[PDB]
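J.: Here you go, this is input_29.cif (mmCIF, C-alpha atoms).
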```cif
data_run
loop_
_atom_site.group_PDB
_atom_site.id
_atom_site.type_symbol
_atom_site.label_atom_id
_atom_site.label_comp_id
_atom_site.auth_asym_id
_atom_site.auth_seq_id
_atom_site.Cartn_x
_atom_site.Cartn_y
_atom_site.Cartn_z
ATOM 1 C CA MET A 1 -8.219 12.265 -52.845
ATOM 2 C CA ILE A 2 -9.975 10.907 -49.747
ATOM 3 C CA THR A 3 -13.404 9.296 -50.181
ATOM 4 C CA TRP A 4 -15.713 7.579 -47.693
ATOM 5 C CA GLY A 5 -19.476 7.717 -48.140
ATOM 6 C CA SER A 6 -20.480 11.374 -48.318
ATOM 7 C CA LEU A 7 -16.916 12.630 -47.798
ATOM 8 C CA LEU A 8 -14.673 13.816 -50.651
ATOM 9 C CA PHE A 9 -11.526 15.826 -49.893
ATOM 10 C CA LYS A 10 -8.478 16.873 -51.956
ATOM 11 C CA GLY A 11 -5.156 18.017 -50.569
ATOM 12 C CA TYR A 12 -1.828 17.082 -49.083
ATOM 13 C CA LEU A 13 -0.363 15.525 -45.986
ATOM 14 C CA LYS A 14 1.085 17.770 -43.283
ATOM 15 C CA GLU A 15 1.700 15.569 -40.224
ATOM 16 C CA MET A 16 1.881 11.923 -39.205
ATOM 17 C CA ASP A 17 2.737 9.904 -36.083
ATOM 18 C CA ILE A 18 2.964 6.086 -35.994
ATOM 19 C CA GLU A 19 3.275 4.131 -32.723
ATOM 20 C CA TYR A 20 4.020 0.383 -32.647
ATOM 21 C CA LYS A 21 2.287 -1.612 -29.909
ATOM 22 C CA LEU A 22 2.456 -5.444 -30.128
ATOM 23 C CA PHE A 23 5.194 -7.713 -31.453
ATOM 24 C CA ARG A 24 5.843 -11.354 -32.204
ATOM 25 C CA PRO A 25 8.799 -12.906 -30.266
ATOM 26 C CA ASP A 26 11.155 -12.412 -33.238
ATOM 27 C CA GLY A 27 10.268 -8.714 -33.449
ATOM 28 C CA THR A 28 7.534 -8.666 -36.086
ATOM 29 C CA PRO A 29 4.899 -5.992 -35.339
ATOM 30 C CA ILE A 30 1.213 -6.904 -35.360
ATOM 31 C CA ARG A 31 -0.466 -3.707 -34.098
ATOM 32 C CA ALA A 32 0.013 0.031 -34.718
ATOM 33 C CA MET A 33 -1.838 3.355 -34.411
ATOM 34 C CA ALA A 34 -1.563 6.375 -36.740
ATOM 35 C CA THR A 35 -2.657 10.028 -36.445
ATOM 36 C CA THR A 36 -2.932 12.188 -39.562
ATOM 37 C CA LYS A 37 -3.509 15.823 -40.600
ATOM 38 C CA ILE A 38 -4.511 16.849 -44.151
ATOM 39 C CA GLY A 39 -4.516 20.294 -45.755
ATOM 40 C CA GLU A 40 -6.762 21.507 -48.559
ATOM 41 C CA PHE A 41 -5.828 22.191 -52.189
ATOM 42 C CA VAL A 42 -7.615 24.350 -54.774
ATOM 43 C CA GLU A 43 -6.154 25.006 -58.221
ATOM 44 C CA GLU A 44 -6.121 28.692 -59.156
ATOM 45 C CA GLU A 45 -8.198 28.333 -62.287
ATOM 46 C CA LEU A 46 -10.961 26.725 -60.253
ATOM 47 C CA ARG A 47 -10.838 29.383 -57.514
ATOM 48 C CA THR A 48 -11.885 32.170 -59.885
ATOM 49 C CA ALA A 49 -14.689 29.999 -61.291
ATOM 50 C CA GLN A 50 -16.054 29.353 -57.790
ATOM 51 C CA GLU A 51 -15.683 33.036 -56.854
ATOM 52 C CA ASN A 52 -17.871 34.247 -59.714
ATOM 53 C CA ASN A 53 -16.819 37.844 -59.107
ATOM 54 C CA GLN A 54 -19.199 40.366 -60.634
ATOM 55 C CA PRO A 55 -20.166 48.157 -62.035
ATOM 56 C CA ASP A 56 -17.858 45.792 -63.971
ATOM 57 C CA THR B 1 3.779 -29.768 13.975
ATOM 58 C CA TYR B 2 2.219 -33.181 14.389
ATOM 59 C CA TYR B 3 -0.338 -31.395 16.566
ATOM 60 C CA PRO B 4 0.018 -27.614 16.008
ATOM 61 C CA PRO B 5 -0.139 -25.292 19.091
ATOM 62 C CA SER B 6 -3.097 -23.148 20.085
ATOM 63 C CA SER B 7 -3.038 -19.343 20.239
ATOM 64 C CA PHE B 8 -4.534 -18.448 23.652
ATOM 65 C CA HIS B 9 -1.418 -18.436 25.892
ATOM 66 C CA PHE B 10 1.094 -15.582 25.434
ATOM 67 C CA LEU B 11 3.057 -12.738 27.142
ATOM 68 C CA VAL B 12 3.921 -9.093 26.156
ATOM 69 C CA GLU B 13 7.066 -7.505 27.666
ATOM 70 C CA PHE B 14 8.471 -4.000 27.330
ATOM 71 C CA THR B 15 12.069 -2.723 27.528
ATOM 72 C CA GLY B 16 12.725 0.845 28.713
ATOM 73 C CA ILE B 17 9.552 1.195 30.820
ATOM 74 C CA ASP B 18 9.433 0.329 34.543
ATOM 75 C CA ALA B 19 7.925 -3.122 34.934
ATOM 76 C CA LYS B 20 4.647 -3.937 36.665
ATOM 77 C CA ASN B 21 2.879 -7.276 36.425
ATOM 78 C CA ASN B 22 -0.354 -5.588 35.379
ATOM 79 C CA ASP B 23 1.239 -4.185 32.215
ATOM 80 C CA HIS B 24 2.246 -7.595 30.862
ATOM 81 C CA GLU B 25 -1.267 -8.994 30.580
ATOM 82 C CA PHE B 26 -3.346 -8.493 27.449
ATOM 83 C CA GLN B 27 -6.637 -9.677 25.997
ATOM 84 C CA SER B 28 -5.417 -9.651 22.386
ATOM 85 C CA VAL B 29 -2.354 -8.946 20.178
ATOM 86 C CA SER B 30 -2.374 -8.281 16.424
ATOM 87 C CA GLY B 31 -0.195 -7.000 13.579
ATOM 88 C CA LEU B 32 2.699 -9.489 13.443
ATOM 89 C CA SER B 33 2.997 -9.732 9.655
ATOM 90 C CA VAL B 34 4.928 -8.323 6.624
ATOM 91 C CA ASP B 35 4.680 -7.659 2.823
ATOM 92 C CA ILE B 36 6.797 -6.573 -0.177
ATOM 93 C CA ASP B 37 5.838 -3.706 -2.483
ATOM 94 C CA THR B 38 6.419 -4.438 -6.167
ATOM 95 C CA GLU B 39 6.389 -2.754 -9.614
ATOM 96 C CA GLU B 40 5.344 -4.034 -13.028
ATOM 97 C CA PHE B 41 6.945 -3.839 -16.489
ATOM 98 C CA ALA B 42 5.902 -4.978 -19.964
ATOM 99 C CA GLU B 43 8.695 -6.149 -22.253
ATOM 100 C CA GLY B 44 8.026 -5.859 -25.959
ATOM 101 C CA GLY B 45 7.809 -9.291 -27.572
ATOM 102 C CA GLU B 46 7.029 -11.133 -24.371
ATOM 103 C CA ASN B 47 3.269 -11.788 -24.374
ATOM 104 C CA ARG B 48 3.010 -14.514 -21.745
ATOM 105 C CA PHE B 49 3.348 -12.352 -18.609
ATOM 106 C CA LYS B 50 4.498 -9.030 -17.219
ATOM 107 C CA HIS B 51 7.638 -8.737 -15.142
ATOM 108 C CA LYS B 52 7.431 -7.907 -11.453
ATOM 109 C CA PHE B 53 10.130 -6.379 -9.299
ATOM 110 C CA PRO B 54 10.431 -5.881 -5.515
ATOM 111 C CA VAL B 55 10.893 -2.399 -4.087
ATOM 112 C CA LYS B 56 10.315 -2.279 -0.270
ATOM 113 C CA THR B 57 9.493 -4.353 2.797
ATOM 114 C CA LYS B 58 6.404 -3.146 4.678
ATOM 115 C CA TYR B 59 5.075 -3.737 8.239
ATOM 116 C CA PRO B 60 1.665 -2.883 9.846
ATOM 117 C CA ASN B 61 1.213 -1.294 13.283
ATOM 118 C CA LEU B 62 1.104 -3.452 16.418
ATOM 119 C CA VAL B 63 -2.241 -3.432 18.257
ATOM 120 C CA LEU B 64 -2.809 -4.345 21.921
ATOM 121 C CA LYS B 65 -6.112 -4.663 23.852
ATOM 122 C CA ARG B 66 -7.032 -5.132 27.536
ATOM 123 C CA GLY B 67 -9.478 -4.074 30.248
ATOM 124 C CA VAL B 68 -8.950 -0.521 31.557
ATOM 125 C CA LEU B 69 -6.059 -0.135 34.030
ATOM 126 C CA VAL B 70 -5.803 3.235 35.788
ATOM 127 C CA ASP B 71 -2.117 3.314 37.000
ATOM 128 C CA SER B 72 -0.387 1.886 33.872
ATOM 129 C CA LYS B 73 3.254 2.778 33.124
ATOM 130 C CA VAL B 74 2.720 2.165 29.432
ATOM 131 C CA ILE B 75 -0.037 4.731 29.344
ATOM 132 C CA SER B 76 2.117 7.345 31.128
ATOM 133 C CA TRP B 77 4.700 6.769 28.380
ATOM 134 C CA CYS B 78 1.995 7.142 25.715
ATOM 135 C CA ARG B 79 0.801 10.418 27.250
ATOM 136 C CA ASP B 80 4.261 12.054 27.120
ATOM 137 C CA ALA B 81 4.343 11.469 23.361
ATOM 138 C CA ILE B 82 0.663 12.357 22.786
ATOM 139 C CA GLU B 83 0.544 15.560 24.832
ATOM 140 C CA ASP B 84 4.087 16.997 24.584
ATOM 141 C CA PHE B 85 5.743 15.448 21.462
ATOM 142 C CA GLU B 86 8.348 13.810 23.660
ATOM 143 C CA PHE B 87 9.272 10.636 21.843
ATOM 144 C CA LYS B 88 11.457 7.876 23.271
ATOM 145 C CA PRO B 89 11.183 4.577 21.336
ATOM 146 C CA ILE B 90 11.252 1.197 23.122
ATOM 147 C CA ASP B 91 11.765 -2.436 22.259
ATOM 148 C CA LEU B 92 9.243 -5.148 22.853
ATOM 149 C CA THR B 93 8.983 -8.937 23.000
ATOM 150 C CA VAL B 94 5.974 -11.049 22.072
ATOM 151 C CA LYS B 95 6.095 -14.595 23.433
ATOM 152 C CA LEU B 96 3.979 -17.593 22.417
ATOM 153 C CA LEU B 97 4.110 -20.105 25.302
ATOM 154 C CA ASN B 98 4.106 -23.882 25.859
ATOM 155 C CA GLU B 99 2.610 -25.959 28.729
ATOM 156 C CA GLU B 100 5.645 -25.319 30.988
ATOM 157 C CA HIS B 101 5.040 -21.642 30.351
ATOM 158 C CA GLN B 102 8.271 -21.321 28.401
ATOM 159 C CA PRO B 103 8.456 -19.793 24.883
ATOM 160 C CA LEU B 104 7.678 -21.881 21.808
ATOM 161 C CA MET B 105 8.568 -18.922 19.656
ATOM 162 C CA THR B 106 9.183 -15.209 20.116
ATOM 163 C CA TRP B 107 9.049 -11.983 18.102
ATOM 164 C CA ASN B 108 11.575 -9.181 18.581
ATOM 165 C CA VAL B 109 9.905 -5.836 17.824
ATOM 166 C CA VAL B 110 12.404 -3.029 17.214
ATOM 167 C CA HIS B 111 12.180 0.753 17.951
ATOM 168 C CA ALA B 112 8.463 1.199 18.741
ATOM 169 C CA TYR B 113 6.495 4.320 19.721
ATOM 170 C CA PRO B 114 2.802 5.263 20.342
ATOM 171 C CA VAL B 115 0.494 6.511 17.588
ATOM 172 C CA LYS B 116 -2.948 5.824 19.047
ATOM 173 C CA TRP B 117 -4.897 5.444 22.320
ATOM 174 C CA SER B 118 -8.619 4.941 22.886
ATOM 175 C CA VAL B 119 -11.359 3.623 25.170
ATOM 176 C CA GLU B 120 -14.635 2.121 23.890
ATOM 177 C CA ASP B 121 -18.040 3.852 24.235
ATOM 178 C CA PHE B 122 -20.066 3.856 27.433
ATOM 179 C CA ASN B 123 -23.645 2.556 27.387
ATOM 180 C CA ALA B 124 -26.038 2.886 30.322
ATOM 181 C CA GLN B 125 -28.237 0.050 29.054
ATOM 182 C CA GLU B 126 -25.605 -2.658 28.490
ATOM 183 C CA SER B 127 -23.569 -4.889 30.808
ATOM 184 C CA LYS B 128 -19.988 -4.625 29.559
ATOM 185 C CA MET B 129 -16.387 -4.159 30.663
ATOM 186 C CA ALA B 130 -14.535 -0.964 29.808
ATOM 187 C CA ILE B 131 -11.918 -1.831 27.165
ATOM 188 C CA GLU B 132 -8.719 0.061 26.377
ATOM 189 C CA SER B 133 -6.753 -0.052 23.099
ATOM 190 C CA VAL B 134 -3.163 0.979 22.235
ATOM 191 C CA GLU B 135 -1.468 1.058 18.823
ATOM 192 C CA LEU B 136 2.316 1.268 18.207
ATOM 193 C CA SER B 137 4.490 2.023 15.173
ATOM 194 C CA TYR B 138 7.819 0.127 14.821
ATOM 195 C CA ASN B 139 10.574 -0.383 12.234
ATOM 196 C CA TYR B 140 10.816 -4.154 11.807
ATOM 197 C CA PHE B 141 10.807 -7.422 13.642
ATOM 198 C CA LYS B 142 12.917 -10.571 13.851
ATOM 199 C CA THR B 143 11.976 -14.003 15.112
ATOM 200 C CA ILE B 144 13.693 -16.435 17.430
ATOM 201 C CA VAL B 145 12.847 -20.132 17.411
#
```
Could you render the structure from this file as structure tokens?
T.:
Amino acid sequence: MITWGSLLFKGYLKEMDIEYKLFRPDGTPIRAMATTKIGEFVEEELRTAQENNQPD
Amino acid sequence: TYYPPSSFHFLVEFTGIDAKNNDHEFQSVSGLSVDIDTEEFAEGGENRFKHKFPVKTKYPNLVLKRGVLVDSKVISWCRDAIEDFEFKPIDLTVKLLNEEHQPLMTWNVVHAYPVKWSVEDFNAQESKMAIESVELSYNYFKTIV
């Protein structure tokens, strides 16, 4: 679950890349950049309640 | 030196072109310098500086100026290259002279050929001398001193 301000999103991770940029002289990293992609999850009992499907 | 030399007394000589005294006299000479191209590299963990590496030695063109001379041998040589693509490189010597008119120091210019020739604009309202300019490409130079 991902929350920030107005945002609220449920799902799973698909992709990630991490790149390491700066280092201390003994090889300890102090800066890195990450790119992320998230998919969306709906449980099947909640899908039929949101699609309130109504001659029947 | 203790008293360094001045720069207004010098001689330009050509090898491979018939000599005439009027082709050894010039108003100005420029381009006797050199530089080294480099590349940079950042090594992870080293934050004090980047590394620099040499790649190539580089030389600028040699530029000569003088008042216009109509029967020049140097210009005939320039024209063969300019008009017909006939190229025949020459060697050249630049001499910086002392008070006995002997060399203090010389420059040996190797395998030169013409890339440019021009004459400055005419102006009916100004009192001026017609000035000619010649530029040469070469491979490298060495010095003797």
J.: With distances taken over all atoms listed in the file, which residue among B:12, B:42, B:36, B:5 lies nearest chain A?
T.: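 The answer is B:42, which sits nearest to chain A.
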J.: Between atom CA of residue B:15 and atom CA of residue B:91, what is the distance, to one decimal in Å?
T.: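 Going from atom CA of residue B:15 over to atom CA of residue B:91, I get 5.3 Å.
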J.: Return as a tab-separated table the residues of chain A lying at most 12 Å from chain B, together with the closest atom-to-atom pair for each and the distance in Å to one decimal, counting all atoms listed in the file, with rows in chain order and ascending residue number.
T.:
```
residue	atom	partner	partner_atom	distance
A:20	CA	B:44	CA	10.0
A:21	CA	B:44	CA	8.2
A:22	CA	B:44	CA	7.0
A:23	CA	B:45	CA	4.9
A:24	CA	B:45	CA	5.4
A:25	CA	B:45	CA	4.6
A:26	CA	B:45	CA	7.3
A:27	CA	B:45	CA	6.4
A:28	CA	B:45	CA	8.5
A:29	CA	B:45	CA	8.9
A:30	CA	B:45	CA	10.5
A:31	CA	B:45	CA	11.9
```
J.: Calculate how many Å separate atom CA of residue B:31 from atom CA of residue B:84, rounding to one decimal.
T.: 26.7 Å
J.: Which residues match the PyMOL selection byres ((chain B and resi 74) around 10) in the file above, as a PyMOL selection string?
T.: chain B and resi 14+17-20+23-24+71-73+75-79+114+134
J.: Using all atoms listed in the file, which protein or nucleic acid residues come within 8 Å of residue B:9? Drop anything in the same chain fewer than 5 positions from it, and give the result as a PyMOL selection string.
T.: chain B and resi 96-98
J.: Could you check how far atom CA of residue B:120 sits from atom CA of residue B:68, in Å to one decimal?
T.: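 That distance, rounded to one decimal, is 9.9 Å.
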J.: For residue A:1, list every protein, DNA or RNA residue within 8 Å, evaluated using all atoms listed in the file, and leave out those in the same chain fewer than 2 positions away; present the list as a ChimeraX atom specification.
T.: /A:3,8-11
J.: Identify the residues around (-5.3, 13.2, -44.0) within a radius of 12 Å, measuring from only C-alpha atoms in the coordinates stated by the file, and give them as a PyMOL selection string.
T.: chain A and resi 1-3+8-17+34-40
J.: For the selection just defined, write its residues with C-alpha atoms to a file, as a short mmCIF file (atom, residue, chain, number, x, y, z; two decimals), in the coordinates of the input.
T.:
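Saved file selection.cif follows:
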```cif
data_model
loop_
_atom_site.label_atom_id
_atom_site.label_comp_id
_atom_site.auth_asym_id
_atom_site.auth_seq_id
_atom_site.Cartn_x
_atom_site.Cartn_y
_atom_site.Cartn_z
CA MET A 1 -8.22 12.26 -52.84
CA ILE A 2 -9.98 10.91 -49.75
CA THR A 3 -13.40 9.30 -50.18
CA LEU A 8 -14.67 13.82 -50.65
CA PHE A 9 -11.53 15.83 -49.89
CA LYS A 10 -8.48 16.87 -51.96
CA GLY A 11 -5.16 18.02 -50.57
CA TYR A 12 -1.83 17.08 -49.08
CA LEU A 13 -0.36 15.52 -45.99
CA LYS A 14 1.08 17.77 -43.28
CA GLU A 15 1.70 15.57 -40.22
CA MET A 16 1.88 11.92 -39.20
CA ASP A 17 2.74 9.90 -36.08
CA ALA A 34 -1.56 6.38 -36.74
CA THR A 35 -2.66 10.03 -36.44
CA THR A 36 -2.93 12.19 -39.56
CA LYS A 37 -3.51 15.82 -40.60
CA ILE A 38 -4.51 16.85 -44.15
CA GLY A 39 -4.52 20.29 -45.76
CA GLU A 40 -6.76 21.51 -48.56
#
```
J.: For the structure shown, which residues end up in the PyMOL selection byres ((chain A and resi 33) around 6)? Put them as a PyMOL selection string, please?
T.: chain A and resi 18-19+32+34
J.: Which residues, written as a PyMOL selection string, have at least one atom at most 10 Å from stretch 99-107 of chain B, with only C-alpha atoms counted and residues fewer than 4 positions away on the same chain left out?
T.: chain B and resi 5+9-12+32+92-95+141-145
J.: Decode the PyMOL selection byres ((chain B and resi 28) around 8) for the given file into explicit residues and return them as a list in words.
T.: residues 26, 27, 29, 30, 64, 65 and 66 of chain B
J.: Emit the selected residues as an mmCIF file, keeping the file's coordinate frame, including C-alpha atoms.
T.:
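part_36.cif, freshly written:
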```cif
data_model
loop_
_atom_site.group_PDB
_atom_site.id
_atom_site.type_symbol
_atom_site.label_atom_id
_atom_site.label_comp_id
_atom_site.auth_asym_id
_atom_site.auth_seq_id
_atom_site.Cartn_x
_atom_site.Cartn_y
_atom_site.Cartn_z
ATOM 1 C CA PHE B 26 -3.346 -8.493 27.449
ATOM 2 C CA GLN B 27 -6.637 -9.677 25.997
ATOM 3 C CA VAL B 29 -2.354 -8.946 20.178
ATOM 4 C CA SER B 30 -2.374 -8.281 16.424
ATOM 5 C CA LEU B 64 -2.809 -4.345 21.921
ATOM 6 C CA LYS B 65 -6.112 -4.663 23.852
ATOM 7 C CA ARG B 66 -7.032 -5.132 27.536
#
```
